[PDB]
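Notes follow once the structure below has been shown.
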Amino acid sequence: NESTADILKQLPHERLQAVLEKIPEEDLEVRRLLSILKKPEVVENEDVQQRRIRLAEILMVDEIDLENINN
Amino acid sequence: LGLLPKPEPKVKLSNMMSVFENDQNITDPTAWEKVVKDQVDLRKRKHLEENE
Amino acid sequence: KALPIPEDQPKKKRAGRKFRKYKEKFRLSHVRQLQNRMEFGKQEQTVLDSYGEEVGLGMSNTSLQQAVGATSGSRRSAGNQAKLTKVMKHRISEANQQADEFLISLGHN
Amino acid sequence: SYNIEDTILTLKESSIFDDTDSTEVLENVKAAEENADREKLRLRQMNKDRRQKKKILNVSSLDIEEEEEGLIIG
Amino acid sequence: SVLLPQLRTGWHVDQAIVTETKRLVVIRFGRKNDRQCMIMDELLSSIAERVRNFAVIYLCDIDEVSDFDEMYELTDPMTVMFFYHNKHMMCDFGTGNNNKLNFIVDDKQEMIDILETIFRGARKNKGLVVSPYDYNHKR
Amino acid sequence: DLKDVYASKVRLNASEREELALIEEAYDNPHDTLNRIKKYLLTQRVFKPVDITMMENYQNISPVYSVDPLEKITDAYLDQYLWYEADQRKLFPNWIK
Amino acid sequence: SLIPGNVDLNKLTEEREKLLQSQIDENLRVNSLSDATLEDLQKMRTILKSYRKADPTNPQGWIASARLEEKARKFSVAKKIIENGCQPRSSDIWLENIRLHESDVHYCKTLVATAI
Amino acid sequence: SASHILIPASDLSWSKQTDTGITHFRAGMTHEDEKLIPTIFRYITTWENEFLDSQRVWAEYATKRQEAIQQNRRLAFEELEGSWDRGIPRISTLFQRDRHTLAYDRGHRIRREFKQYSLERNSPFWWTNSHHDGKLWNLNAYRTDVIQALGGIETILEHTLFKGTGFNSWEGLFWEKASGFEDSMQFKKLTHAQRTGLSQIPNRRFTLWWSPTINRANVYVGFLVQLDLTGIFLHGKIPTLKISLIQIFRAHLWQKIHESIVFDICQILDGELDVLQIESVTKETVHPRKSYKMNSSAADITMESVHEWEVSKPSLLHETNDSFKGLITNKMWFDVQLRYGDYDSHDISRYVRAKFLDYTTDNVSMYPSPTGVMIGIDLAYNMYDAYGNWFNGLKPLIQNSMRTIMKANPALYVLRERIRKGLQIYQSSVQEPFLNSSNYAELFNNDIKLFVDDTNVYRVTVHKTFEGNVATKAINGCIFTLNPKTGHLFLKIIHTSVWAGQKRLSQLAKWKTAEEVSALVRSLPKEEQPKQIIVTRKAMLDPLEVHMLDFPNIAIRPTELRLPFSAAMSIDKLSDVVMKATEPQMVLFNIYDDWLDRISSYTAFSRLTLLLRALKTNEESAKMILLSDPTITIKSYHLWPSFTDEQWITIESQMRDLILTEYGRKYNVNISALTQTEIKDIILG
RNA sequence: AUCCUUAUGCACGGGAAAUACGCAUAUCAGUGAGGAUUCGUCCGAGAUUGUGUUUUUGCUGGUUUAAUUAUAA
């Protein structure tokens with residue numbers, strides 16, 4: 001059972017999708033973590049879901065810690 | 001990995017003739033027509049359902 | 001840079017509507033295959049090339065069509081027709097569109 | 001004018017120039033494909049039996065030769 | 001010439017043959033002063049980078065190592081030889097001697113084709129390979 | 001006269017196939033290629049480089065010039081035109097052989 | 001399309017200048033082939049011989065074996081065949097025989113009078 | 001050739017085997033000027049004769065043109081059909097169809113001289129445009145003179161493996177060119193070495209074809225080497241032919257041939273024990289290397305007698321005079337010796353008598369008695385003979401048997417194919433691709449197509465009465481042609497009166513149908529004209545081409561599938577239209593009623609395949625599937641009754657049931673065991 | 001509330017190409033790359049360098065005979 005969920009976990013899409021659910025969902029809270037992290041508050045056209053995914057991605061690339069440690 | 005079902009070939013009214021993988025292609029002509037058409041209508045249904 | 005390795009690799013196959021349309025460029029079509037057949041015992045049809053060197057088309061014309069000399073239309077494959085590269089296709093169209101405004105400038109003047 | 005047999009009979013397939021001047025036959029449509037499918041079937045079951053059971057046939061000269069062996073006014 | 005390494009003892013030759021499983025071992029037996037030995041050294045020196053995957057080329061001197069002279073019957077200023085899994089390979093070049101090699105090859109591509117064909121036939125255990133080019137006008 | 005080079009060939013190199021596309025579109029769009037040629041005549045003064053090879057006759061090694069096929073179309077048309085009008089107007093006397 | 005035997009200039013020009021003129025209005029045998037081999041033409045002779053022996057009547061065959069061998073060979077052969085199978089009601093063997101076999105006035109009249 | 005080269009008298013010798021015997025031909029005993037290979041110096045006319053002919057030819061043309069307009073007429077070809085090839089501009093150029101646009105081409109003689117600098121091809125003709133000047137030479141006669149100089153086709157084929165290919169006549173045969181063969185291999189991705197390795201294949205075919213001459217004692221001298229398990233000798237190294245002969249004999253094939261013919265003569269004699277009064281027939285044990293060993297040999301089959309035999313003088317099969325009073329001895333033996341012959345000696349007679357005497361007189365050989373029969377066979381030239389000790393009822397047996405033995409045996413049949421794969425010589429009748437099960441899905445592409453089936457053209461109905469027999473009446477036939485897409489029919493109804501005054505009614509049918517198809521296609525505009533015309537009968541391929549020469553774009557196919565259109569006369573409206581027609585006519589139909597409004601044409605055609613295939617079988621009991629519900633009404637318009645969709649969905653299953661039950665019932669095959677592609681194969685044909 | 005414009009995301013349906021699509025702890029580049037001209041000027045984002053694959057990427061389909069048992073003695 002191990003090598004089944006290990007390859008599944010090693011994959012970048014799943015690795016991001018696991019981080020996506022643990023970031024809170026609101027406009028101002030998503031926005032506040034971005035503003036504190038110095039990344040762009042808003043981009044041209046995005047629904048707040050897509051902004052949340054930009055949270056996940058930006059956390060993934062830099063390998064920065066969770067919003068727990070961020071704040 | 002086996003977690004997701006193997007995809008079946010997309011069949012259109014053009015491609016309808018040349019897909020022999022399914023049972024009913026030549027031997028039952030009309031039920032195969034119904035199968036194909038309902039596959040198409042089903043995909044368009046998925047599109048509209050997603051939009052709504 | 002190094003040659004990769006001579007080791008042969010196991011052949012992989014697919015035949016689609018898309019990919020047969022791709023390899024239609026890369027295969028000898030039916031009519032083109034009939035040039036490659038030499039009928040045993042008698043001379044070919046050969047037609048003078050622009051340089052004058054006889055170009056044999058052996059079986060491409062039915063045994064009756066040599067007598068009448070009507071050649072054939074037969075079945076022309078439209079898939080191996082020559083087509084432009086991405087660089088050349090926009091250069092042609094561009095040249096023509098600017099030639100158009102040129103012909104208009106000469107049209108009103 | 002030569003026949004093979006409320007039934008209808010049609011011309012059997014024959015080559016133009018190979019036929020030339022020769023006797024022509026009249027056979028039934030269902031009877032022609034009937035006989036052909038009986039013989040070729042007998043060949044198919046013997047194919048599956050030969051290849052499956054791995055038996056080698058006696059055959060040779062007389063057998064293969066005999067395999068080469070295989071009027072109305074209106 | 002400087003591109004290719006040289007083998008200064010018989011044990012560097014032998015181990016060079018033994019330690020290499022997956023690609024051909026090509027040795028030029030000859031001396032630096034000879035005329036024909038430097039030419040195949042240049043030819044093989046250009047080819048070494050292309051072929052490093054499926055073959056490797058080494059250099060051996062007869063005066064430096066005289067031990068193999070009688071065993072493989074080394075005459076003429078140079079002999080190129082081909083080894084796969086300690087097995088001396090063999091190919092009929094038309095020169096009448098299916099063993100080793102003698103003459104100076106002309107074009108890079110013709111020698112790369114010899115290496116490629118000897119290799120491919122060597123993977124199948126095939127002892128004799130047939131070159132695409134019979135040069136016997138040379139020998 | 002640009003086309004007949006390729007009639008004896010069963011296979012096509014990459015460039016020859018491009019040139020066949022050029023001739024074929026030149027047939028399919030004759031008005032458009034007439035306009036394009038005429039504007040090249042009035043206008044274009046700058047051209048893409050010509051590439052040299054050399055034929056060996058084993059005695060005389062002669063230059064061989066390969067131009068770009070768009071330019072080859074205008075050159076072919078202009079050539080055919082100049083010769084038709086030039087002989088139609090009786091330009092060259094009897095002694096140009 | 002590069003099979004070389006097909007190209008002839010007339011059909012390409014009248015096929016072309018009409019497409020040119022249409023676009024403008026919208027804006028507003030080869031000598032090269034070897035002659036037929038006697039044995040191929042002989043195959044033609046056997047098939048057509050079977051087809052003329054098929055129908056003694058139905059002059060369409062006689063005219064066909066005449067004009068095909070005409071395009072192939074002609075000279076004596078066709079001119080003899082036509083006169084052979086022309087032996088009466090159908091006017092077409094006469095319209096053909098007249099056109100091909102005449103070449104001189106008196107014999108023209110001789111064929112015309114028989115057709116009359 | 002430009003050179004003096006003679007054919008020596010030894011090259012012309014050629015032999016041919018017929019069922020009467022083996023005949024030889026040698027032209028060398030005639031002593032005259034020795035036969036020479038022609039050179040071009042005969043076949044090219046001097047410049048003088050060509051120009052001196054040019055003035056007079058153009059003069060004659062001017063005069064004839066004046067005589068034509070003088071009569072208010074235009075030049076007839078027959079006038080100039082005397083001289084075409086004569087004169088330098090080549091009068092034929094006057095009658096070219098493209099001349100009208102060649103007049104605007106000027107300066108070409110200079111263009112060709114300047115094609116040197118635009119492109120890299122050597123142009124051995126820079127001085128001629130065959131368009132302007134014409135074809136200024138014909139070498140065609142050089143060829144026939146080369147063929148006759150070498151003695152004809154036959155004396156050439158004695159220099160080849162042709163007789164090994166097993167073909168009786170060379171007529172229907174063709175070569176697969178190695179030029180194009182080299183092209184199809186370069187569309188794969190290959191290394192330069194893989195590339196050069198494929199250019200030696202055509203040389204390799206050439207070396208096979210001429211092998212019996214290239215391999216002989218006189219050409220290479222040298223010393224014989226023996227191919228390991230065969231009886232083939234190589235005089236020179238010849239690296240290619242060694243490889244090719246090795247690939248011709250695979251898996252101990254030489255031995256399979258010898259064992260094979262021995263099995264054959266066994267099974268022919270063993271049943272004849274009675275007639276010839278033979279107590280036993282014993283094929284002996286075989287040292288496994290005996291077949292291909294040459295120097296020594298030992299008897300194979302042994303034969304015993306009820307009392308004794310009356311031997312004769314040792315002689316050959318095809319000889320006539322026999323005297324059996326020579327001896328009386330006991331028992332017999334047979335050798336069968338395969339030989340792979342050179343062109344030096346292909347004669348089996350001398351070989352069989354020499355080996356016979358040598359072995360029978362050899363001390364090292366082993367034979368049961370001193371009475372026996374040697375049977376030699378050349379596998380390269382497909383020849384045979386026997387030098388026997390003969391008894392009553394052998395030569396009339398051994399001859400008739402060997403006739404079948406050479407043309408039957410699977411071993412030989414395997415030689416002949418392994419060879420003709422190496423030569424890539426093929427037989428063909430129709431070059432066009434047939435309809436297959438795998439080819440079926442192409443019918444539905446955008447090319448307009450037609451189906452033409454003549455099986456109903458001439459028909460006779462036998463009826464049962466009480467008194468005499470076989471009531472027979474001629475009936476109106478029909479030519480049945482449909483296009484599958486639009487579902488549109490063309491029926492030419494052939495009346496009985498058309499058959500009144502002719503005999504040999506078979507060929508008239510196929511030719512009439514060819515004519516009617518020509519008229520039908522010409523009726524249609526170039527918009528509606530088909531591309532592939534598809535015909536079931538193969539005998540209709542030639543008579544259509546004759547009439548279709550005017551339409552070169554249309555292609556004609558036969559089929560391996562039997563299409564169920566002969567049963568089309570079981571439809572009632574159609575057959576009623578055919579029975580009541582008093583004249584040849586043309587009636588349009590839509591078989592699909594309206595199936596195309598609700599349903600695409602593919603499944604509309606594939607349901608028609610079912611409807612018709614079942615009508616070939618159970619007929620009216622396949623009609624009781626249709627006519628079950630009288631509330632379902634055939635209109636005056638349609639043929640088939642109007643249903644909903646699901647009603648068809650059930651009916652198609654019921655129709656498939658008749659097919660699948662009667663196919664098995666007739667052929668004693670169980671329905672359930674059938675694979676899906678076997679069911680679709682049963683439905684199509 | 002309806003209607004419309006632009007840009008972006010997802011997508012049903014319809015085409016075209018794979019000498020084509022990419023990659024770079026690498027050099028420059030609206031602080032001007034690369035071109036055009038009718039000689040007045042005009043257009044305005046890639047160019048170099050190395051490299052991966054490229055008659056091809058993944059996946060599939062076809063073809064190459066159960067048990068049981070009955071006589072009058």
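Going through the structure tokens in order, the chains are called A, B, and so on, while each chain numbers its residues from 1 and the ligands are numbered from 1 in the order shown.
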
May I have a table of the residues of chain F lying at most 7 Å from chain G, giving each one's closest pair of atoms and their distance in Å to one decimal, counting only C-alpha atoms, ordered by chain and ascending residue number, as a Markdown table?
```
| residue | atom | partner | partner_atom | distance |
| --- | --- | --- | --- | --- |
| F:7 | CA | G:2 | CA | 5.1 |
| F:30 | CA | G:20 | CA | 6.0 |
| F:31 | CA | G:20 | CA | 5.7 |
```

Could you please take those selected residues and save C-alpha atoms as a PDB file, in the first residue's frame?
```pdb
ATOM      1  CA  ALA F   7       8.945  15.174 -62.198  1.00  0.00           C
ATOM      2  CA  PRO F  30      -2.557  33.168 -60.308  1.00  0.00           C
ATOM      3  CA  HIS F  31      -3.943  36.684 -59.801  1.00  0.00           C
TER       4      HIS F  31
END
```

Residue contacts of residue 45 in chain I (10 Å, only C-alpha atoms (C1' of nucleotides)) excluding same-chain residues fewer than 2 positions away, as an NGL selection string
:I and (29-30 or 32-34 or 47)

Closest atom pairs, residues of chain H within 6 Å of chain D, only C-alpha atoms, as CSV:
```
residue,atom,partner,partner_atom,distance
H:404,CA,D:61,CA,5.9
H:405,CA,D:61,CA,5.5
H:408,CA,D:61,CA,5.7
H:409,CA,D:60,CA,5.8
H:459,CA,D:10,CA,5.3
H:460,CA,D:9,CA,5.4
H:461,CA,D:8,CA,4.4
H:462,CA,D:7,CA,5.1
H:463,CA,D:6,CA,4.3
H:472,CA,D:74,CA,5.9
H:539,CA,D:15,CA,5.0
H:667,CA,D:38,CA,5.7
```

Preceding selection exported with N, CA and C atoms as a compact mmCIF listing (two decimals), in the first residue's frame:
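Wrote it out as out.txt, contents follow:
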```
# COMPACT_ATOMS: atom_id res chain seq x y z
N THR H 404 2.67 -35.96 -61.67
CA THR H 404 2.03 -35.40 -60.49
C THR H 404 3.02 -35.05 -59.39
N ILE H 405 4.09 -35.82 -59.24
CA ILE H 405 5.04 -35.63 -58.15
C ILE H 405 5.77 -34.31 -58.29
N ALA H 408 3.11 -31.38 -57.43
CA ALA H 408 2.30 -31.50 -56.23
C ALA H 408 3.08 -31.17 -54.96
N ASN H 409 4.18 -31.88 -54.73
CA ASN H 409 4.85 -32.04 -53.44
C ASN H 409 4.99 -30.74 -52.66
N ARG H 459 -31.73 -14.73 -66.40
CA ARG H 459 -32.28 -15.60 -65.38
C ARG H 459 -33.33 -16.54 -65.97
N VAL H 460 -33.41 -17.73 -65.38
CA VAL H 460 -34.33 -18.78 -65.79
C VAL H 460 -34.97 -19.37 -64.55
N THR H 461 -36.29 -19.57 -64.61
CA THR H 461 -37.05 -20.14 -63.50
C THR H 461 -37.54 -21.53 -63.86
N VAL H 462 -37.21 -22.50 -63.02
CA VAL H 462 -37.68 -23.88 -63.16
C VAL H 462 -38.89 -24.06 -62.25
N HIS H 463 -39.96 -24.62 -62.80
CA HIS H 463 -41.19 -24.89 -62.08
C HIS H 463 -41.50 -26.37 -62.11
N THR H 472 -39.78 -23.96 -67.98
CA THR H 472 -38.74 -22.94 -68.04
C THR H 472 -39.22 -21.78 -68.90
N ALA H 539 -15.20 -11.32 -63.60
CA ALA H 539 -15.31 -11.34 -65.05
C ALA H 539 -15.79 -10.02 -65.63
N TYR H 667 -23.34 -25.56 -42.47
CA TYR H 667 -21.95 -25.95 -42.36
C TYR H 667 -21.64 -26.75 -41.10
```

Set the distance at 7 Å and use only C-alpha atoms (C1' of nucleotides): which residues neighbour range 46-61 of chain E once local chain neighbours fewer than 2 positions away are removed? I'd like the list as a ChimeraX atom specification.
/C:1-3,5 /E:4-8,23-31,42-44,63-65,108

Please produce a file of those selected residues containing C-alpha atoms, as a PDB file, in the first residue's frame.
```pdb
ATOM      1  CA  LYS C   1      27.791  15.388 -29.332  1.00  0.00           C
ATOM      2  CA  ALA C   2      27.607  11.599 -29.499  1.00  0.00           C
ATOM      3  CA  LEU C   3      25.675   9.174 -31.657  1.00  0.00           C
ATOM      4  CA  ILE C   5      23.498   3.997 -29.514  1.00  0.00           C
TER       5      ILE C   5
ATOM      6  CA  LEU E   4      43.185   8.921 -26.884  1.00  0.00           C
ATOM      7  CA  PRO E   5      44.775   7.263 -23.833  1.00  0.00           C
ATOM      8  CA  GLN E   6      47.686   4.863 -24.174  1.00  0.00           C
ATOM      9  CA  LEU E   7      48.186   1.476 -22.519  1.00  0.00           C
ATOM     10  CA  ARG E   8      51.665   1.119 -21.044  1.00  0.00           C
ATOM     11  CA  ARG E  23      30.760  -1.397 -25.351  1.00  0.00           C
ATOM     12  CA  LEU E  24      33.403  -2.533 -27.812  1.00  0.00           C
ATOM     13  CA  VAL E  25      37.092  -2.260 -26.974  1.00  0.00           C
ATOM     14  CA  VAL E  26      39.216  -1.011 -29.863  1.00  0.00           C
ATOM     15  CA  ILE E  27      43.006  -1.186 -29.602  1.00  0.00           C
ATOM     16  CA  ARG E  28      45.528   0.129 -32.115  1.00  0.00           C
ATOM     17  CA  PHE E  29      48.742  -1.886 -31.900  1.00  0.00           C
ATOM     18  CA  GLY E  30      51.539   0.198 -33.372  1.00  0.00           C
ATOM     19  CA  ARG E  31      54.323   2.661 -32.743  1.00  0.00           C
ATOM     20  CA  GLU E  42      44.037  10.815 -36.013  1.00  0.00           C
ATOM     21  CA  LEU E  43      41.043   9.112 -37.624  1.00  0.00           C
ATOM     22  CA  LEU E  44      40.215   7.238 -34.415  1.00  0.00           C
ATOM     23  CA  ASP E  63      57.889  -1.734 -28.265  1.00  0.00           C
ATOM     24  CA  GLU E  64      56.221  -0.746 -24.988  1.00  0.00           C
ATOM     25  CA  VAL E  65      54.427  -4.112 -24.817  1.00  0.00           C
ATOM     26  CA  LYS E 108      35.069   8.814 -40.679  1.00  0.00           C
TER      27      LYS E 108
END
```

At most 12 Å is the cut-off: for each residue in chain G with any atom that close to an atom of chain C, write down the nearest atom pair and the distance in Å rounded to one decimal, counting only C-alpha atoms, chain first then increasing number, as JSON lines.
```
{"residue": "G:1", "atom": "CA", "partner": "C:76", "partner_atom": "CA", "distance": 7.2}
{"residue": "G:2", "atom": "CA", "partner": "C:81", "partner_atom": "CA", "distance": 9.8}
{"residue": "G:3", "atom": "CA", "partner": "C:57", "partner_atom": "CA", "distance": 8.3}
{"residue": "G:4", "atom": "CA", "partner": "C:47", "partner_atom": "CA", "distance": 7.2}
{"residue": "G:5", "atom": "CA", "partner": "C:47", "partner_atom": "CA", "distance": 6.5}
{"residue": "G:6", "atom": "CA", "partner": "C:71", "partner_atom": "CA", "distance": 7.1}
{"residue": "G:7", "atom": "CA", "partner": "C:71", "partner_atom": "CA", "distance": 10.7}
{"residue": "G:27", "atom": "CA", "partner": "C:100", "partner_atom": "CA", "distance": 11.5}
{"residue": "G:29", "atom": "CA", "partner": "C:69", "partner_atom": "CA", "distance": 5.8}
{"residue": "G:30", "atom": "CA", "partner": "C:47", "partner_atom": "CA", "distance": 8.0}
{"residue": "G:31", "atom": "CA", "partner": "C:47", "partner_atom": "CA", "distance": 8.1}
{"residue": "G:32", "atom": "CA", "partner": "C:47", "partner_atom": "CA", "distance": 4.5}
{"residue": "G:33", "atom": "CA", "partner": "C:47", "partner_atom": "CA", "distance": 4.2}
{"residue": "G:34", "atom": "CA", "partner": "C:45", "partner_atom": "CA", "distance": 5.8}
{"residue": "G:35", "atom": "CA", "partner": "C:66", "partner_atom": "CA", "distance": 7.9}
{"residue": "G:36", "atom": "CA", "partner": "C:67", "partner_atom": "CA", "distance": 4.9}
{"residue": "G:37", "atom": "CA", "partner": "C:67", "partner_atom": "CA", "distance": 7.1}
{"residue": "G:38", "atom": "CA", "partner": "C:67", "partner_atom": "CA", "distance": 8.4}
{"residue": "G:39", "atom": "CA", "partner": "C:42", "partner_atom": "CA", "distance": 8.4}
{"residue": "G:40", "atom": "CA", "partner": "C:67", "partner_atom": "CA", "distance": 6.0}
{"residue": "G:41", "atom": "CA", "partner": "C:67", "partner_atom": "CA", "distance": 4.9}
{"residue": "G:42", "atom": "CA", "partner": "C:67", "partner_atom": "CA", "distance": 8.6}
{"residue": "G:43", "atom": "CA", "partner": "C:64", "partner_atom": "CA", "distance": 7.4}
{"residue": "G:44", "atom": "CA", "partner": "C:64", "partner_atom": "CA", "distance": 6.1}
{"residue": "G:45", "atom": "CA", "partner": "C:67", "partner_atom": "CA", "distance": 9.7}
{"residue": "G:46", "atom": "CA", "partner": "C:64", "partner_atom": "CA", "distance": 11.0}
{"residue": "G:47", "atom": "CA", "partner": "C:64", "partner_atom": "CA", "distance": 9.5}
{"residue": "G:48", "atom": "CA", "partner": "C:64", "partner_atom": "CA", "distance": 10.7}
{"residue": "G:65", "atom": "CA", "partner": "C:68", "partner_atom": "CA", "distance": 11.5}
{"residue": "G:67", "atom": "CA", "partner": "C:68", "partner_atom": "CA", "distance": 10.1}
{"residue": "G:68", "atom": "CA", "partner": "C:68", "partner_atom": "CA", "distance": 6.8}
{"residue": "G:69", "atom": "CA", "partner": "C:68", "partner_atom": "CA", "distance": 7.8}
{"residue": "G:70", "atom": "CA", "partner": "C:68", "partner_atom": "CA", "distance": 9.1}
{"residue": "G:71", "atom": "CA", "partner": "C:68", "partner_atom": "CA", "distance": 6.3}
{"residue": "G:72", "atom": "CA", "partner": "C:68", "partner_atom": "CA", "distance": 5.1}
{"residue": "G:73", "atom": "CA", "partner": "C:67", "partner_atom": "CA", "distance": 8.8}
{"residue": "G:74", "atom": "CA", "partner": "C:68", "partner_atom": "CA", "distance": 11.4}
```

Residues of chain A within 12 Å of chain B, only C-alpha atoms counted, as a VMD selection string:
chain A and resid 1 3 to 8

Write the selection just made, keeping N, CA and C atoms, as a CSV table (one decimal), in the first residue's frame?
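This is the output file selection-v1.csv:
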```csv
chain,number,residue,atom,x,y,z
A,1,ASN,N,0.8,-1.2,0.0
A,1,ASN,CA,0.0,0.0,0.0
A,1,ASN,C,0.9,1.2,0.0
A,3,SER,N,4.0,1.9,-1.7
A,3,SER,CA,4.5,2.4,-3.0
A,3,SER,C,3.3,2.9,-3.9
A,4,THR,N,2.1,2.7,-3.5
A,4,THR,CA,0.9,3.2,-4.2
A,4,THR,C,0.7,4.7,-3.9
A,5,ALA,N,0.7,5.0,-2.6
A,5,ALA,CA,0.4,6.4,-2.2
A,5,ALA,C,1.7,7.2,-2.2
A,6,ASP,N,2.9,6.6,-2.3
A,6,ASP,CA,4.1,7.3,-2.3
A,6,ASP,C,4.4,8.0,-3.7
A,7,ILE,N,4.2,7.2,-4.7
A,7,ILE,CA,4.3,7.8,-6.1
A,7,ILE,C,3.2,8.8,-6.2
A,8,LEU,N,2.0,8.5,-5.7
A,8,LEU,CA,0.9,9.5,-5.8
A,8,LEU,C,1.2,10.8,-5.0
```

Which residues of chain G sit at most 8 Å from chain H, using only C-alpha atoms? Give each one's shortest atom pair and distance in Å (one decimal place), in chain and ascending residue order, as CSV.
```
residue,atom,partner,partner_atom,distance
G:8,CA,H:98,CA,5.9
G:9,CA,H:98,CA,4.8
G:10,CA,H:98,CA,5.3
G:31,CA,H:134,CA,6.9
G:32,CA,H:130,CA,7.0
G:51,CA,H:511,CA,7.4
G:54,CA,H:508,CA,5.7
G:55,CA,H:508,CA,7.2
G:75,CA,H:78,CA,6.5
G:103,CA,H:76,CA,7.6
```

Would you export the selected residues with N, CA and C atoms as a PDB file, in the first residue's frame, please?
```pdb
ATOM      1  N   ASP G   8      -0.545  18.189 -70.214  1.00  0.00           N
ATOM      2  CA  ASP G   8      -0.726  18.836 -71.506  1.00  0.00           C
ATOM      3  C   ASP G   8      -1.088  20.295 -71.254  1.00  0.00           C
ATOM      4  N   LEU G   9      -0.648  21.175 -72.153  1.00  0.00           N
ATOM      5  CA  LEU G   9      -0.650  22.607 -71.867  1.00  0.00           C
ATOM      6  C   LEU G   9      -2.016  23.242 -72.089  1.00  0.00           C
ATOM      7  N   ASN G  10      -2.764  22.765 -73.087  1.00  0.00           N
ATOM      8  CA  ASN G  10      -4.029  23.406 -73.446  1.00  0.00           C
ATOM      9  C   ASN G  10      -5.010  23.383 -72.277  1.00  0.00           C
ATOM     10  N   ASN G  31       4.293  13.199 -76.409  1.00  0.00           N
ATOM     11  CA  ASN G  31       5.337  12.779 -77.336  1.00  0.00           C
ATOM     12  C   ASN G  31       6.369  11.906 -76.628  1.00  0.00           C
ATOM     13  N   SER G  32       6.411  11.979 -75.296  1.00  0.00           N
ATOM     14  CA  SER G  32       7.500  11.379 -74.535  1.00  0.00           C
ATOM     15  C   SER G  32       7.301   9.881 -74.328  1.00  0.00           C
ATOM     16  N   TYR G  51     -15.376  -9.033 -78.342  1.00  0.00           N
ATOM     17  CA  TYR G  51     -16.542  -8.167 -78.188  1.00  0.00           C
ATOM     18  C   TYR G  51     -17.292  -7.997 -79.501  1.00  0.00           C
ATOM     19  N   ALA G  54     -19.047 -11.133 -79.930  1.00  0.00           N
ATOM     20  CA  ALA G  54     -20.195 -11.184 -79.031  1.00  0.00           C
ATOM     21  C   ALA G  54     -21.477 -10.811 -79.766  1.00  0.00           C
ATOM     22  N   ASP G  55     -21.482  -9.657 -80.429  1.00  0.00           N
ATOM     23  CA  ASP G  55     -22.607  -9.209 -81.239  1.00  0.00           C
ATOM     24  C   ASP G  55     -22.207  -9.039 -82.697  1.00  0.00           C
ATOM     25  N   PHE G  75      -4.442   3.107 -90.091  1.00  0.00           N
ATOM     26  CA  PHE G  75      -3.995   2.721 -91.424  1.00  0.00           C
ATOM     27  C   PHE G  75      -4.929   1.656 -91.996  1.00  0.00           C
ATOM     28  N   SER G 103     -10.389   9.958 -98.063  1.00  0.00           N
ATOM     29  CA  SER G 103      -9.153  10.545 -98.573  1.00  0.00           C
ATOM     30  C   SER G 103      -9.203  10.922-100.055  1.00  0.00           C
TER      31      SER G 103
END
```

Find the spatial neighbours of range 66-77 of chain E, counting only C-alpha atoms (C1' of nucleotides), within a cut-off of 12 Å - ignore same-chain residues fewer than 6 positions away - and output them as a list in words.
residues 8, 9, 10, 11, 13, 14, 28, 29, 30, 31, 32, 33, 34, 35, 36, 37, 38, 39, 40, 60, 88, 97, 99, 100, 101, 102, 103, 104 and 139 of chain E

Skipping near chain neighbours, those fewer than 4 positions away, what residues fall within 12 Å of residue 16 in chain B using only C-alpha atoms (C1' of nucleotides), listed as a PyMOL selection string?
(chain B and resi 9-12+20-22+24-26+29-30+32-37+39-40) or (chain H and resi 441+444+600-603)

DSSP on the backbone: which residues in range 8-70 of chain E end up as strand (DSSP E or B)? Give the answer as a ChimeraX atom specification.
/E:24-30,55-60

Residues near residue 2 in chain F, cut-off 10 Å, only C-alpha atoms (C1' of nucleotides), skip fewer than 3 positions along chain, as JSON, numbers by chain:
{"F": [5, 6, 19, 20, 23, 69, 72, 73, 76]}

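Computed from the coordinates, the CA of residue 334 in chain H to CA of residue 302 in chain H distance equals 6.7 Å.
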